[PDB]
Every structure is written in structure tokens, then in C-alpha cells.
>>> print(open('my_file-v6.txt').read())   # compact mmCIF, N, CA, C and O atoms
# COMPACT_ATOMS: atom_id res chain seq x y z
N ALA G 1 -19.09 -9.39 -19.32
CA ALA G 1 -17.72 -8.83 -19.17
C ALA G 1 -16.90 -9.64 -18.18
O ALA G 1 -17.42 -10.56 -17.53
N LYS G 2 -15.62 -9.30 -18.06
CA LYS G 2 -14.73 -10.01 -17.15
C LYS G 2 -14.54 -9.22 -15.85
O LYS G 2 -13.42 -8.93 -15.44
N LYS G 3 -15.66 -8.87 -15.22
CA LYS G 3 -15.62 -8.11 -13.97
C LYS G 3 -15.76 -9.02 -12.77
O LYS G 3 -16.37 -8.66 -11.76
N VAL G 4 -15.14 -10.19 -12.86
CA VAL G 4 -15.14 -11.12 -11.74
C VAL G 4 -14.41 -10.46 -10.58
O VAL G 4 -14.53 -10.87 -9.42
N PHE G 5 -13.68 -9.40 -10.93
CA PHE G 5 -12.92 -8.60 -10.00
C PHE G 5 -13.71 -8.31 -8.73
O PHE G 5 -13.14 -8.14 -7.65
N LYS G 6 -15.01 -8.26 -8.89
CA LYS G 6 -15.91 -8.00 -7.77
C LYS G 6 -15.85 -9.15 -6.77
O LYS G 6 -15.76 -8.93 -5.56
N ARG G 7 -15.88 -10.37 -7.28
CA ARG G 7 -15.81 -11.55 -6.43
C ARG G 7 -14.49 -11.57 -5.68
O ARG G 7 -14.41 -12.04 -4.54
N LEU G 8 -13.45 -11.03 -6.31
CA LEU G 8 -12.13 -10.98 -5.70
C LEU G 8 -12.16 -10.07 -4.47
O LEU G 8 -11.46 -10.31 -3.49
N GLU G 9 -13.00 -9.04 -4.53
CA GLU G 9 -13.13 -8.11 -3.41
C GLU G 9 -13.71 -8.81 -2.20
O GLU G 9 -13.35 -8.51 -1.06
N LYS G 10 -14.61 -9.77 -2.45
CA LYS G 10 -15.22 -10.52 -1.37
C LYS G 10 -14.18 -11.41 -0.70
O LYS G 10 -14.12 -11.50 0.53
N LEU G 11 -13.35 -12.06 -1.51
CA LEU G 11 -12.30 -12.92 -0.99
C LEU G 11 -11.31 -12.09 -0.18
O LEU G 11 -10.71 -12.59 0.77
N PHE G 12 -11.16 -10.83 -0.56
CA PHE G 12 -10.25 -9.93 0.14
C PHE G 12 -10.76 -9.68 1.56
O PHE G 12 -9.97 -9.51 2.49
N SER G 13 -12.08 -9.66 1.71
CA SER G 13 -12.69 -9.44 3.01
C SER G 13 -12.34 -10.58 3.96
O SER G 13 -12.11 -10.36 5.15
N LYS G 14 -12.28 -11.79 3.43
CA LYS G 14 -11.94 -12.96 4.23
C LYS G 14 -10.52 -12.84 4.75
O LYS G 14 -10.21 -13.30 5.85
N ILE G 15 -9.66 -12.21 3.96
CA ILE G 15 -8.27 -12.02 4.35
C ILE G 15 -8.18 -11.10 5.55
O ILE G 15 -7.28 -11.23 6.39
N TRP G 16 -9.12 -10.16 5.65
CA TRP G 16 -9.16 -9.22 6.76
C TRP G 16 -9.47 -9.95 8.06
O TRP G 16 -9.01 -9.56 9.13
N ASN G 17 -10.25 -11.02 7.96
CA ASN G 17 -10.62 -11.81 9.13
C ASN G 17 -9.42 -12.59 9.66
O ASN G 17 -9.30 -12.82 10.86
N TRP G 18 -8.54 -12.99 8.75
CA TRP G 18 -7.34 -13.74 9.12
C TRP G 18 -6.22 -12.80 9.54
O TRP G 18 -5.37 -13.15 10.36
N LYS G 19 -6.21 -11.60 8.96
CA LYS G 19 -5.19 -10.61 9.27
C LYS G 19 -5.18 -10.28 10.76
O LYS G 19 -6.22 -10.33 11.42
>>> encode(input="my_file-v6.txt", output="C-alpha cells")
Amino acid sequence: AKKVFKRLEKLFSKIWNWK
């Protein structure tokens, strides 16, 4: 399936570190 969406959640975590 196209649930790469999960990997996107990980990248979102990195944004929290920069935020």
C-alpha cells in the first residue's frame, strides 16, 4: 500500500527538534 505516510511522521519529529 501507499502508507509511506508513516515515514512522514518520523520526518515530522525532526521538525520538532528545529522548532
>>> atom_distance(input="my_file-v6.txt", atom1="atom N of residue 19 (chain G)", atom2="atom N of residue 4 (chain G)")
23.6 Å
>>> atom_distance(input="my_file-v6.txt", atom1="atom N of residue 2 (chain G)", atom2="atom N of residue 15 (chain G)")
23.0 Å
>>> select_by_dssp(input="my_file-v6.txt", residues="chain G", states="helix (DSSP H, G or I)", output="ChimeraX atom specification")
/G:5-18
>>> write_last_selection(input="my_file-v6.txt", atoms="N, CA, C and O atoms", output="compact mmCIF listing (two decimals), keeping the file's coordinate frame")
# COMPACT_ATOMS: atom_id res chain seq x y z
N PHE G 5 -13.68 -9.40 -10.93
CA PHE G 5 -12.92 -8.60 -10.00
C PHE G 5 -13.71 -8.31 -8.73
O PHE G 5 -13.14 -8.14 -7.65
N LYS G 6 -15.01 -8.26 -8.89
CA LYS G 6 -15.91 -8.00 -7.77
C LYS G 6 -15.85 -9.15 -6.77
O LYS G 6 -15.76 -8.93 -5.56
N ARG G 7 -15.88 -10.37 -7.28
CA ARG G 7 -15.81 -11.55 -6.43
C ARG G 7 -14.49 -11.57 -5.68
O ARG G 7 -14.41 -12.04 -4.54
N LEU G 8 -13.45 -11.03 -6.31
CA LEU G 8 -12.13 -10.98 -5.70
C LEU G 8 -12.16 -10.07 -4.47
O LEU G 8 -11.46 -10.31 -3.49
N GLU G 9 -13.00 -9.04 -4.53
CA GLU G 9 -13.13 -8.11 -3.41
C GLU G 9 -13.71 -8.81 -2.20
O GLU G 9 -13.35 -8.51 -1.06
N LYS G 10 -14.61 -9.77 -2.45
CA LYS G 10 -15.22 -10.52 -1.37
C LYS G 10 -14.18 -11.41 -0.70
O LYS G 10 -14.12 -11.50 0.53
N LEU G 11 -13.35 -12.06 -1.51
CA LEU G 11 -12.30 -12.92 -0.99
C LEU G 11 -11.31 -12.09 -0.18
O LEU G 11 -10.71 -12.59 0.77
N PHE G 12 -11.16 -10.83 -0.56
CA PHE G 12 -10.25 -9.93 0.14
C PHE G 12 -10.76 -9.68 1.56
O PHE G 12 -9.97 -9.51 2.49
N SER G 13 -12.08 -9.66 1.71
CA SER G 13 -12.69 -9.44 3.01
C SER G 13 -12.34 -10.58 3.96
O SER G 13 -12.11 -10.36 5.15
N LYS G 14 -12.28 -11.79 3.43
CA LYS G 14 -11.94 -12.96 4.23
C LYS G 14 -10.52 -12.84 4.75
O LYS G 14 -10.21 -13.30 5.85
N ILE G 15 -9.66 -12.21 3.96
CA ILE G 15 -8.27 -12.02 4.35
C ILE G 15 -8.18 -11.10 5.55
O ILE G 15 -7.28 -11.23 6.39
N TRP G 16 -9.12 -10.16 5.65
CA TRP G 16 -9.16 -9.22 6.76
C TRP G 16 -9.47 -9.95 8.06
O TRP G 16 -9.01 -9.56 9.13
N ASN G 17 -10.25 -11.02 7.96
CA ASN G 17 -10.62 -11.81 9.13
C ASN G 17 -9.42 -12.59 9.66
O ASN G 17 -9.30 -12.82 10.86
N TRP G 18 -8.54 -12.99 8.75
CA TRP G 18 -7.34 -13.74 9.12
C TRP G 18 -6.22 -12.80 9.54
O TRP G 18 -5.37 -13.15 10.36
>>> atom_distance(input="my_file-v6.txt", atom1="CA of residue 5 (chain G)", atom2="atom N of residue 17 (chain G)")
18.3 Å
